[PDB]
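A.B. asks: Pasting model07.txt here (compact mmCIF, C-alpha atoms and all ligand atoms):
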```txt
# COMPACT_ATOMS: atom_id res chain seq x y z
CA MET A 1 -0.41 -17.24 -24.84
CA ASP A 2 0.19 -13.70 -26.03
CA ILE A 3 3.83 -14.27 -26.76
CA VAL A 4 4.41 -15.96 -30.09
CA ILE A 5 7.66 -17.59 -31.15
CA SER A 6 8.62 -17.25 -34.84
CA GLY A 7 9.06 -20.81 -35.98
CA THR A 8 8.08 -24.17 -34.56
CA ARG A 9 11.67 -25.41 -34.12
CA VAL A 10 15.20 -23.97 -34.12
CA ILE A 11 18.14 -25.50 -36.01
CA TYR A 12 21.52 -24.74 -34.39
CA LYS A 13 24.34 -25.72 -36.78
CA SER A 14 27.56 -26.34 -34.92
CA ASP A 15 29.61 -23.86 -36.92
CA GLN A 16 27.40 -20.94 -35.78
CA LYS A 17 28.59 -18.69 -32.97
CA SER A 18 24.92 -18.06 -32.16
CA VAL A 19 21.39 -18.34 -33.55
CA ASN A 20 18.50 -15.86 -33.14
CA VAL A 21 14.90 -16.63 -32.27
CA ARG A 22 12.20 -13.97 -32.47
CA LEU A 23 9.42 -13.34 -29.94
CA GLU A 24 6.38 -11.12 -30.56
CA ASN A 25 3.77 -9.90 -28.09
CA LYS A 26 0.47 -10.18 -29.98
CA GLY A 27 -1.50 -9.17 -26.87
CA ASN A 28 -2.73 -5.79 -25.63
CA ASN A 29 -0.67 -5.49 -22.46
CA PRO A 30 3.06 -5.60 -21.85
CA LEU A 31 4.55 -8.77 -20.45
CA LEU A 32 7.66 -9.89 -18.56
CA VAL A 33 9.09 -12.74 -20.60
CA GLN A 34 11.69 -15.35 -19.64
CA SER A 35 13.59 -17.34 -22.26
CA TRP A 36 15.82 -20.34 -21.62
CA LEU A 37 17.10 -23.66 -22.90
CA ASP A 38 16.83 -26.97 -21.07
CA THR A 39 16.59 -30.72 -21.75
CA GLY A 40 12.83 -31.08 -21.64
CA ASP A 41 11.96 -31.30 -17.91
CA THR A 42 23.49 -29.01 -17.56
CA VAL A 43 22.83 -27.35 -20.93
CA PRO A 44 25.77 -25.79 -22.77
CA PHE A 45 23.79 -22.79 -24.08
CA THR A 46 22.90 -19.26 -23.03
CA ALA A 47 19.74 -17.37 -24.10
CA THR A 48 19.95 -13.62 -23.93
CA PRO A 49 18.30 -11.59 -22.74
CA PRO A 50 17.02 -14.22 -20.30
CA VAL A 51 14.36 -11.79 -19.09
CA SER A 52 12.78 -9.02 -21.09
CA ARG A 53 9.83 -6.66 -21.01
CA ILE A 54 7.94 -6.90 -24.32
CA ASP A 55 5.32 -4.20 -24.88
CA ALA A 56 2.03 -4.89 -26.58
CA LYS A 57 2.50 -5.37 -30.32
CA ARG A 58 6.27 -5.23 -29.97
CA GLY A 59 8.90 -7.98 -30.02
CA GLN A 60 12.33 -9.12 -28.88
CA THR A 61 15.06 -11.16 -30.51
CA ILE A 62 16.64 -13.80 -28.26
CA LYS A 63 20.21 -14.82 -29.01
CA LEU A 64 20.96 -18.50 -28.36
CA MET A 65 24.61 -19.32 -27.91
CA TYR A 66 26.47 -22.65 -27.51
CA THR A 67 29.04 -22.48 -24.73
CA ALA A 68 30.63 -25.93 -25.00
CA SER A 69 30.66 -26.05 -21.21
CA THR A 70 29.75 -29.66 -21.93
CA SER A 71 30.80 -31.19 -25.23
CA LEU A 72 27.97 -32.42 -27.37
CA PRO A 73 28.36 -35.45 -29.65
CA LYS A 74 29.75 -34.78 -33.06
CA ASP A 75 28.25 -37.80 -34.79
CA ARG A 76 24.54 -37.06 -34.36
CA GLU A 77 22.05 -34.37 -33.54
CA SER A 78 21.22 -33.42 -29.95
CA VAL A 79 17.84 -32.01 -28.98
CA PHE A 80 16.96 -29.32 -26.45
CA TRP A 81 13.94 -27.31 -25.49
CA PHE A 82 13.66 -23.58 -25.97
CA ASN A 83 11.27 -22.21 -23.34
CA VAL A 84 9.30 -19.00 -23.14
CA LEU A 85 7.41 -18.07 -19.98
CA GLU A 86 5.21 -14.93 -19.86
CA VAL A 87 3.75 -13.13 -16.89
CA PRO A 88 1.84 -9.83 -16.69
CA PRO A 89 3.83 -7.18 -14.72
CA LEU A 90 -0.60 -10.63 -4.85
CA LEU A 91 -1.06 -13.81 -6.96
CA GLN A 92 -0.79 -14.03 -10.75
CA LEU A 93 -1.25 -16.48 -13.64
CA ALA A 94 1.58 -17.04 -16.13
CA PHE A 95 2.05 -19.12 -19.31
CA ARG A 96 4.82 -21.27 -20.76
CA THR A 97 5.51 -22.48 -24.30
CA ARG A 98 8.37 -24.68 -25.54
CA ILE A 99 9.76 -25.56 -29.00
CA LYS A 100 12.56 -27.95 -29.97
CA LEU A 101 16.10 -26.85 -30.71
CA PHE A 102 18.15 -29.33 -32.73
CA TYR A 103 21.89 -29.01 -32.35
CA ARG A 104 23.33 -30.27 -35.66
CA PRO A 105 27.07 -30.98 -35.97
CA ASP A 106 28.35 -30.11 -39.42
CA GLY A 107 29.17 -32.96 -41.79
CA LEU A 108 26.60 -35.57 -40.88
CA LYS A 109 25.91 -38.25 -43.46
CA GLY A 110 22.81 -37.72 -45.53
CA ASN A 111 20.17 -35.05 -45.27
CA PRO A 112 17.67 -34.53 -42.45
CA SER A 113 14.63 -34.29 -44.69
CA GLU A 114 15.45 -37.77 -46.00
CA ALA A 115 15.75 -39.36 -42.57
CA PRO A 116 12.00 -40.12 -42.33
CA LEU A 117 12.31 -42.25 -45.52
CA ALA A 118 15.19 -44.13 -43.89
CA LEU A 119 13.13 -45.26 -40.90
CA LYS A 120 12.35 -48.95 -40.75
CA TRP A 121 8.98 -50.06 -39.45
CA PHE A 122 7.98 -53.34 -37.79
CA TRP A 123 5.02 -54.86 -36.05
CA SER A 124 5.66 -54.95 -32.34
CA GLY A 125 3.76 -57.75 -30.61
CA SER A 126 1.28 -58.79 -29.65
CA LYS A 127 -2.56 -54.20 -28.15
CA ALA A 128 -1.02 -53.25 -31.49
CA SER A 129 2.16 -51.23 -31.76
CA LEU A 130 5.01 -50.58 -34.16
CA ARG A 131 8.71 -50.72 -33.52
CA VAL A 132 10.50 -48.05 -35.51
CA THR A 133 14.28 -47.94 -36.12
CA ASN A 134 16.19 -44.78 -37.09
CA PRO A 135 19.52 -45.64 -38.74
CA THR A 136 20.44 -41.97 -39.30
CA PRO A 137 22.20 -39.24 -37.27
CA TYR A 138 19.07 -37.07 -37.35
CA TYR A 139 15.98 -36.86 -35.22
CA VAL A 140 12.72 -37.60 -36.96
CA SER A 141 9.64 -35.72 -35.69
CA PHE A 142 6.03 -36.26 -36.81
CA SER A 143 2.82 -34.31 -36.98
CA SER A 144 0.67 -37.44 -37.56
CA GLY A 145 0.67 -40.97 -38.92
CA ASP A 146 -1.56 -43.98 -39.28
CA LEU A 147 -1.65 -47.66 -40.13
CA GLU A 148 -4.04 -48.90 -42.83
CA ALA A 149 -5.26 -52.38 -43.52
CA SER A 150 -8.23 -53.64 -45.51
CA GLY A 151 -9.49 -50.06 -45.85
CA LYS A 152 -9.53 -49.32 -42.15
CA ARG A 153 -7.24 -46.63 -40.78
CA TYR A 154 -5.73 -46.60 -37.28
CA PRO A 155 -3.96 -43.52 -36.01
CA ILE A 156 -0.46 -44.01 -34.68
CA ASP A 157 0.57 -42.25 -31.44
CA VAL A 158 3.62 -40.87 -33.23
CA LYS A 159 6.71 -40.00 -31.18
CA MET A 160 9.94 -38.30 -32.01
CA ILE A 161 12.69 -40.84 -32.73
CA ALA A 162 16.29 -40.03 -31.81
CA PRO A 163 19.34 -40.69 -33.99
CA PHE A 164 20.51 -44.30 -34.06
CA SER A 165 17.66 -45.56 -31.87
CA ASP A 166 14.43 -47.50 -31.70
CA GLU A 167 11.05 -46.30 -30.49
CA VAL A 168 7.74 -48.17 -30.07
CA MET A 169 4.60 -46.28 -31.14
CA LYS A 170 1.10 -47.35 -30.20
CA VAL A 171 -1.56 -48.07 -32.88
CA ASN A 172 -4.98 -46.89 -31.73
CA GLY A 173 -8.05 -49.04 -32.07
CA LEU A 174 -6.33 -52.12 -33.42
CA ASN A 175 -6.18 -55.38 -31.48
CA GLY A 176 -3.32 -57.17 -33.23
CA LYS A 177 -1.25 -57.37 -36.43
CA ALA A 178 -3.35 -56.85 -39.56
CA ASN A 179 -2.61 -58.44 -42.92
CA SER A 180 -0.91 -56.37 -45.61
CA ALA A 181 -0.77 -53.24 -43.49
CA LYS A 182 0.80 -49.99 -44.60
CA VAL A 183 2.14 -47.07 -42.61
CA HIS A 184 1.59 -43.51 -43.75
CA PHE A 185 2.97 -40.43 -41.96
CA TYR A 186 3.84 -36.78 -42.09
CA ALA A 187 7.19 -35.98 -40.58
CA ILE A 188 8.39 -32.42 -39.99
CA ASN A 189 11.21 -30.72 -41.81
CA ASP A 190 13.62 -28.04 -40.56
CA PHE A 191 11.22 -25.30 -41.56
CA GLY A 192 8.19 -26.90 -39.95
CA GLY A 193 6.82 -28.16 -43.27
CA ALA A 194 5.58 -31.67 -43.95
CA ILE A 195 7.59 -34.63 -45.19
CA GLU A 196 5.17 -37.25 -46.41
CA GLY A 197 6.21 -40.91 -46.14
CA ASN A 198 4.98 -44.48 -46.22
CA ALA A 199 6.11 -48.01 -45.50
CA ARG A 200 4.69 -51.50 -46.07
CA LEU A 201 4.80 -53.94 -43.17
CL CL A 301 7.79 -31.00 -33.44
```
Here is the file; what I need is its structure written in the form of structure tokens.
Ligand SMILES: [Cl-]

C.D. replies:
Amino acid sequence: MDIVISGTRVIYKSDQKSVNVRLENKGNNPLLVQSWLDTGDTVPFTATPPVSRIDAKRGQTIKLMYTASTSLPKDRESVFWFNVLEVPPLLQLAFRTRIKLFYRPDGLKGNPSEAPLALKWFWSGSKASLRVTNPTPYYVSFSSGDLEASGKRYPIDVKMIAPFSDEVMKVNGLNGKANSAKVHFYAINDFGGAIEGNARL
């Protein structure tokens, strides 16, 4: 992919009339580029310009705008996908990249960077897995995580966990519950940086 998005996620605070996302063409040829929002494969947003020509080594700011055509919840975050599809101007190959957009109503309890600490973790029985509960109004997203017991480490197939919900996450290479296990993880903050955390099962 020649088109690069500035940032690995977008935060859309509800009091903003719009939010900008920047695209850059790092490649050597110009590209036709489409930008849009969807729910992850209708959506109360526009992205403009929806189609642009971005020359080599030049860029384009995309304006994302909430339309309230549908009302989003005001008591929790909502997540969307910001998509970018490039194609060089017969038959032709093209490429698509997506990053998350979190719609964040103003005034939610607590802070999003603290939501990973608030997660509760449980063994999920029998093919080991964990049940994880998010008591907060924020998504929690991870870059990686693992379970450790008796000096052995087992990667977790981490998944994003929605506000006020449970998710089960698989533990790789572990048959069943281990004694005195601990979870360690790196969640992702608004700026794409790491939030380290841990929990004892
Ligand atoms: Cl992510």

A.B. asks: Kindly assemble as CSV a list of the chain A residues that lie within 9 Å of ligand CL 301 (chain A), each paired with its nearest atom pair and their distance in Å to one decimal, using all atoms listed in the file, sorted first by chain and then by ascending residue number.

C.D. replies:
```
residue,atom,partner,partner_atom,distance
A:8,CA,A:CL301,CL,6.9
A:9,CA,A:CL301,CL,6.8
A:99,CA,A:CL301,CL,7.3
A:100,CA,A:CL301,CL,6.6
A:140,CA,A:CL301,CL,9.0
A:141,CA,A:CL301,CL,5.5
A:142,CA,A:CL301,CL,6.5
A:143,CA,A:CL301,CL,6.9
A:160,CA,A:CL301,CL,7.7
A:187,CA,A:CL301,CL,8.7
A:188,CA,A:CL301,CL,6.7
A:192,CA,A:CL301,CL,7.7
```

A.B. asks: For residue 73 (chain A), which residue out of A:91, A:37, A:108, A:56 is the nearest one, using only C-alpha atoms?

C.D. replies: A:108

A.B. asks: Work out how far apart CA of residue 112 (chain A) and CA of residue 130 (chain A) are and give it in Å to one decimal.

C.D. replies: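 Going from CA of residue 112 (chain A) over to CA of residue 130 (chain A) covers 22.1 Å.
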
A.B. asks: For residue 81 (chain A), find every residue with an atom within 12 Å (counting all atoms listed in the file), except residues of its own chain fewer than 4 positions away, and show them as a short mmCIF file (atom, residue, chain, number, x, y, z; two decimals) with C-alpha atoms, in the frame of the given file.

C.D. replies:
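The file below, part-v5.cif, is the result:
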```cif
data_model
loop_
_atom_site.label_atom_id
_atom_site.label_comp_id
_atom_site.auth_asym_id
_atom_site.auth_seq_id
_atom_site.Cartn_x
_atom_site.Cartn_y
_atom_site.Cartn_z
CA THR A 8 8.08 -24.17 -34.56
CA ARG A 9 11.67 -25.41 -34.12
CA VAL A 10 15.20 -23.97 -34.12
CA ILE A 11 18.14 -25.50 -36.01
CA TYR A 12 21.52 -24.74 -34.39
CA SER A 35 13.59 -17.34 -22.26
CA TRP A 36 15.82 -20.34 -21.62
CA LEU A 37 17.10 -23.66 -22.90
CA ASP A 38 16.83 -26.97 -21.07
CA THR A 39 16.59 -30.72 -21.75
CA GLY A 40 12.83 -31.08 -21.64
CA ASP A 41 11.96 -31.30 -17.91
CA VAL A 43 22.83 -27.35 -20.93
CA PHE A 45 23.79 -22.79 -24.08
CA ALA A 47 19.74 -17.37 -24.10
CA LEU A 64 20.96 -18.50 -28.36
CA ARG A 96 4.82 -21.27 -20.76
CA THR A 97 5.51 -22.48 -24.30
CA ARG A 98 8.37 -24.68 -25.54
CA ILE A 99 9.76 -25.56 -29.00
CA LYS A 100 12.56 -27.95 -29.97
CA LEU A 101 16.10 -26.85 -30.71
CA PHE A 102 18.15 -29.33 -32.73
CA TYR A 103 21.89 -29.01 -32.35
#
```

A.B. asks: Expressed in Å to a single decimal, how great is the separation between CA of residue 127 (chain A) and CA of residue 175 (chain A)?

C.D. replies: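 It comes out at 5.1 Å.
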